[PDB]
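These values consider heavy atoms only, across backbone and side chains, with no hydrogens, waters or symmetry-generated copies. Proteins come first, then strands; the chains are lettered A, B, ... in the order of their sequence lines, and each starts at number 1.
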Amino acid sequence: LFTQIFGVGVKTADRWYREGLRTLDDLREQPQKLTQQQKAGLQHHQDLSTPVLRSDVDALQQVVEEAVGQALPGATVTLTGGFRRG
DNA sequence: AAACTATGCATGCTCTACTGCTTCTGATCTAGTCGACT
């Protein structure tokens, strides 16, 4: 559960385990030891938990192409990662 | 002629500014360690 939080790794999860935080609520109880990455991950935990579908991938690519063109014309963007693997 | 008073001056003391030199302190750049991510 802890590892699914953006900005929280194995070491941080183990540290929280040894500190007595056994559920997600305790993390939100004290939002002062969480860095920017952890705060962002916890704020939108539910949205990022849902798997990303191909439709979102195509929408993101279409949006990013316009930004890349505006920054500069003639640039190319390629989709890599798991999606490129099918 | 003698006693009292007057001015006059000097030197040490005190303060406030002024300038220049020396030392201390606060702001700004990187190595290492832990952690995050792809």
In whole angstrom, give the distance that lies between atom [atom1] of [X] and atom [atom2] of [N].
X        : N       : atom1 : atom2 : result
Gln36(A) : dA36(B) : CD    : P     : 16 Å
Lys33(A) : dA36(B) : NZ    : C1'   : 18 Å
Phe2(A)  : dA36(B) : CZ    : P     : 13 Å

Please round to the nearest 0.5 Å and tell me the distance separating atom [atom1] of [X] and atom [atom2] of [Y].
X        : Y        : atom1 : atom2 : result
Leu60(A) : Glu65(A) : CG    : CD    : 11.5 Å
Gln4(A)  : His45(A) : CD    : NE2   : 5.5 Å
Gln37(A) : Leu34(A) : CD    : CG    : 11.5 Å
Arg22(A) : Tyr17(A) : CZ    : OH    : 5.0 Å
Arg28(A) : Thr23(A) : CZ    : OG1   : 8.5 Å

So, are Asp14(A) and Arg18(A) salt-bridged, with charged N and O less than 4.0 Å apart?
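Looking at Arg18(A) together with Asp14(A), the answer is yes, because their closest N to O distance falls below 4.0 Å.
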
If I compare all heavy atoms of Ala75(A) with all of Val68(A), which pair ends up nearest, and what's the gap?
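Smallest heavy-atom distance, with atoms named: CB-CG1, 3.5 Å.
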
Every protein N/O lying under 3.5 Å from an N/O of nucleotides 33-35 of chain B:
| residue | atom | partner | partner atom | Å |
| --- | --- | --- | --- | --- |
| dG35(B) | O3' | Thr12(A) | OG1 | 3.2 |

With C1'-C2'-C3'-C4' as the criterion (positive north, negative south), name the sugar pucker of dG35(B).
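It's north.
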
State, without any angle test, whether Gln62(A) and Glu66(A) hold a side-chain donor-acceptor pair at a distance under 3.5 Å.
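Looking only at side-chain atoms, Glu66(A) and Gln62(A) do form a donor-acceptor pair, the distance falling under 3.5 Å.
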
Tell me, which stems hold DNA chain B, with a stem being 3 or more Watson-Crick or G-U pairs in a row and both distances under 3.5 Å?
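Stems found: none.
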
